[PDB]
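Asker: Protein chains in written order, with the UniProt record's numbering: chain F, 1030 to 1078; chain C, 1030 to 1147; chain S, 883 to 931. Every residue gets a Cβ at the ideal spot worked out from N, C-alpha and C, and that includes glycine.
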């Protein structure tokens, strides 16, 4: 309901990272979710105020 | 806690559709929730573009989406058709528009121009 | 084809690039970056799959 039919703000619910979309996949007596998550990659120090 | 005491953002948790509010109702050995939700009703096909070219700069909607009736272009809300003229207030600029894919040429109206004339 | 719209009511068509832009705005990232890096983002998604 939340990961597939919408975008979830819950942390680590639809995978780890910033959830974007999820794709269900049927499995014998189970289900499989492919959570697509935005992940920051390259940091850089800056001075902030 | 999440449906009655607040507006839940979770999908299909406090009823199907965009949740607005809920009303509890006592039941024998149970509880009944009346989830009030917002549901889009009537659709209309529109031509849309990711951005717009005005002076070699890409324009994107601050909030909403670019839509186009048969002839003209407008920026409207994402969940309700309220077209408006493409203005500098409605859109924000970013680089040049030889990078975006599918951009469409159009004029971006300037609210300052009419008042500057007077 | 319809993003999250079909889960909350009638399904509304939308280009997948614009749907991903909607996701990017949802996670707090400006949508313009998606259009600026669409090729790279699609390549990353395909590689992840």
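For the pair the stretch 1056-1065 of chain C and the stretch 1097-1104 of chain C, tell me if three or more CB-CB distances fall below 8 Å.
Answerer: Short answer: they don't touch.
Asker: With distances taken Cα to Cα, identify the nearest neighbour of residue 1093 of chain C among C/1125, C/1038, C/1102.
Answerer: For this step, residue 1093 of chain C is matched to residue 64 along the second chain. That would be C/1102, whose Cα lies nearest to the Cα of residue 1093 of chain C.
Asker: Is residue 909 of chain S helix, strand or coil by DSSP?
Answerer: For the purposes of this step, residue 909 of chain S is identified with residue 27 of the third chain, where counting begins at 1. It is coil, neither helix nor strand.
Asker: Is residue 1129 of chain C near residue 1087 of chain C, with beta carbons less than 7 Å apart?
Answerer: What you label residue 1129 of chain C is simply residue 100 of the second chain in a count that begins at 1. What you label residue 1087 of chain C is simply residue 58 of the second chain in a count that begins at 1. The answer is yes: Cβ separation under 7 Å.
Asker: Which residue spans inside the stretch 1086-1114 of chain C form an unbroken beta strand (DSSP E) run of at least 3?
Answerer: Segments of the beta strand (DSSP E) lying fully in the stretch 1086-1114 of chain C: 1087-1090, 1094-1097, 1102-1105.
Asker: Can you find a C-beta in chain C that's less than 7 Å from the C-beta of residue 1049 of chain F?
Answerer: Within the first chain, residue 1049 of chain F is the residue found at index 20, counting from 1. Not an interface residue.
Asker: Nearest-angstrom Cα distance between residue 913 of chain S and residue 1075 of chain F?
Answerer: Along the third chain, read from residue 1 onward, the residue named residue 913 of chain S stands at position 31. Along the first chain, read from residue 1 onward, the residue named residue 1075 of chain F stands at position 46. Approximately 23 Å, taken between the alpha carbons.
Asker: Mind listing which residues of the stretch 906-927 of chain S have their C-beta closer than 9 Å to chain F's C-betas, in chain order?
Answerer: Those residues of the stretch 906-927 of chain S that come within reach of chain F (Cβ to Cβ, closer than 9 Å) are 906, 908, 909, 910, 911, 927.
Asker: Mind listing the chain F neighbours of residue 1039 of chain C? Cutoff is C-beta to C-beta under 7 Å, in chain order.
Answerer: Position 10 of the second chain, counted from the first residue, corresponds to residue 1039 of chain C. Residues of chain F passing the Cβ test: 1031.
Asker: Report yes if the C-beta distance between residue 1112 of chain C and residue 917 of chain S is below 7 Å; otherwise report no.
Answerer: The residue given as residue 1112 of chain C occupies position 83 in the second chain. The residue given as residue 917 of chain S occupies position 35 in the third chain. Not a contact, by the Cβ cut-off of 7 Å.
Asker: Going by DSSP in three states, residue 1056 of chain F sits in which element: helix, strand or coil?
Answerer: Numbered from 1 along the first chain, position 27 holds the residue referred to as residue 1056 of chain F. If DSSP states are grouped into helix, strand and coil, residue 1056 of chain F belongs with the strands.
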